[PDB]
Amino acid sequence: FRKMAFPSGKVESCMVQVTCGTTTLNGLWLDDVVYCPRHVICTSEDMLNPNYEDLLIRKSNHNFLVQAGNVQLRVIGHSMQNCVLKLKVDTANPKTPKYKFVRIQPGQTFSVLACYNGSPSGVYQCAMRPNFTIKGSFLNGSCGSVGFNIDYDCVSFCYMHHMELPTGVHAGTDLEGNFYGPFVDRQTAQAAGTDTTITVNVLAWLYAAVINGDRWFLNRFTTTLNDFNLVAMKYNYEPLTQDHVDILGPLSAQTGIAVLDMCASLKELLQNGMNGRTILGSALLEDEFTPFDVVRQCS
Amino acid sequence: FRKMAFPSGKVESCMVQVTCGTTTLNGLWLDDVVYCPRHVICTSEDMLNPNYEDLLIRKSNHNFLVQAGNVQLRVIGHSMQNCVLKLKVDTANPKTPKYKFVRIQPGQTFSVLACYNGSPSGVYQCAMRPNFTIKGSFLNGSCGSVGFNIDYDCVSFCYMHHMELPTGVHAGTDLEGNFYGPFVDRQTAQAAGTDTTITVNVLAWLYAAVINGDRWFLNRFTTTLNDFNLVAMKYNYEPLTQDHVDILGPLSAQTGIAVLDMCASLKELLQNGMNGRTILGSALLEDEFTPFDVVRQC
Ligand SMILES: COc1cccc2[nH]c(C(=O)N[C@@H](CC(C)C)C(=O)N[C@@H](C[C@@H]3CCNC3=O)C(=O)c3nc4ccccc4s3)cc12
Ligand SMILES: COc1cccc2[nH]c(C(=O)N[C@@H](CC(C)C)C(=O)N[C@@H](C[C@@H]3CCNC3=O)C(=O)c3nc4ccccc4s3)cc12
């Protein structure tokens, strides 16, 4: 059981480079539109307080250099949607996948295709944290990299990359250009809200460990949902809802371990520690696998 | 630091399925050849101790069903090379990337594109253990999935998947069909050697820590390579080779910390423990990031 990203080929065929003046970042080319972070139009003396509508009206189509591989794409129009710029180009992308734009929920996972200069560099899994940051791996020039899920050849784009916080975690928008969390696309040091642990994911991961032949952390005890949530909240874990319990049903039925029995296992791990032992190779409780991630991989 | 796979598109375009009878494995289509594990020709009562040479003489080109999706590729020749079957087909793959077949060493990492019935399902990074197993994620139907690295658009294929050991780790071949480690392609419970920690990668991790300002473990000692290797083996760490010293060269230059000085730092950590301190936030030393991976992410 490992962190597993979706195959990235359908998305790689959509990554382009977008240059405005001195600024170069990545864009996403779908049909005849290139989506990219709007601050491609900012110079260094603009990043602190950019009045984006006022900056954009001053730009012409020919101010935008869009490159797909070695081929330049001519911008024939542009519009802004929140923090995303939509460049209309004179060529539709012939490898546009079936796709959707979705806004994901905290606790859900996606694959990130990290890109530099329009060229894909790496792919890895991320969870949307409860405080709406992600713990990614992004360097200078990574803006415009996207996150996505795939379901039967349909690519659901859910993230475009914009920012690395002082703490080293990452912030970005959906493909409508609305940030996840309270972040703003200006060159300022921004703090996130206090993060918490994704309880339903930790439980899914404990089930994954049992499916894979590890049972050492189980115990003979049970707990009520509310008593578990009282302890969970004390340890900065998100509350577990009945919807979460239902969602864990399939994993519960596969292993024969009731959800509240697994909650009693996690309660013991929170109160007693792991005592130097490991689960699925980790010395820490892992919260970035969803129940679906476990089912998709183990089955 | 994240375990980061290579973008998989160039390899996705090369995955096909190969069927003999009711047995379907994944295959790799490059130019006009498809490569796949040879036991696609096996029946269930042939798997304990297959006579592959005998089994292959009873096969003709027309017994092999090669499909890209639902599109059949006609087989015009077949041959066996070690544990892989090479099927010549009448169509050169137009999406064949620039490629090489390489045989990797323990400690080297690569991306695995897990595939089922020729259809790619997920991608993740793996490290070849010193006992020549990988800690993969493979189910029934995964054989023929490949592992690879990508350097300047050239795909270096290094792994093809064959087997899950009773311990749950995985074993396979290079693309010439030679197994990594002492394993054989038979339906049989096989044990790997006792595994060890990948010293060269731990050193890379320590260099990554220094690069990021976490350097409490640096000391004013040095060691010879031989003295280090004798200590390392007593803690179940791999001995360093000359090649390991050389691949740590760029990180040593970047930090100004000689390789043997970092070895003396690691030796101290082995003999004395971390004493509750951490390195890069972790109480455990990471051994699945190569010097290349560290440079990639730093
Ligand atoms: C005093 O200001 C700070 C104080 C403390 C921490 C801080 N973080 C950031 C911050 O992240 N800024 C954004 C840009 C803002 C405008 C959204 C930014 O540089 N995004 C990167 C990805 C970054 C870079 C490093 N790895 C990350 O993922 C991206 O590619 C883009 N680069 C530029 C460069 C110039 C113009 C546009 C873009 S868009 C500022 C900052
Ligand atoms: C008493 O025998 C055992 C005792 C204790 C542990 C054991 N492990 C294996 C073992 O691995 N066998 C090989 C096959 C051998 C011939 C290399 C095998 O099933 N490979 C799988 C990938 C496996 C499956 C589960 N996840 C893993 O990665 C693969 O895809 C292939 N499937 C077939 C199906 C039919 C024909 C060819 C192939 S090749 C046997 C075994």
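Going by Swiss-Prot, the residues shown for chain B are 3266-3563, listed in order.
Placed from the backbone N, Cα and C atoms, the Cβ positions cover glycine too.
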Note to self: Test of record reading: of B:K3353, B:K3499, which one does Swiss-Prot tag as ubiquitin cross-link?
What the structure shows: B:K3353
Check: Among the recorded positions B:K3268, B:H3304, B:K3353, B:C3408, which sit with their Cβ under 8 Å from a Cβ of chain A?
Finding: B:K3268
Next item on the list: Enumerate same-chain residues with a sequence separation of six or more from B:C3408 (active site, nucleophile) and a Cβ-Cβ distance below 8 A; give 'none' if the list is empty.
Entry: B:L3290, B:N3291, B:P3302, B:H3304, B:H3426, B:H3427, B:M3428
Check: Using DSSP and three states only, what is B:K3268 (ubiquitin cross-link)?
Finding: coil
Next item on the list: Work out how many Å separate B:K3268 (ubiquitin cross-link) and B:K3353 (ubiquitin cross-link) at their Cα atoms, rounded off.
Entry: 36
Next item on the list: Measure from the Cβ of B:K3268 (ubiquitin cross-link) and count the other Cβ atoms within 10 Å, all protein chains considered.
Entry: 22
Next item on the list: For ligand 2, pick out the recorded positions B:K3268, B:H3304, B:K3353, B:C3408 that have a CB under 6 angstroms away from one of its atoms.
Entry: B:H3304, B:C3408
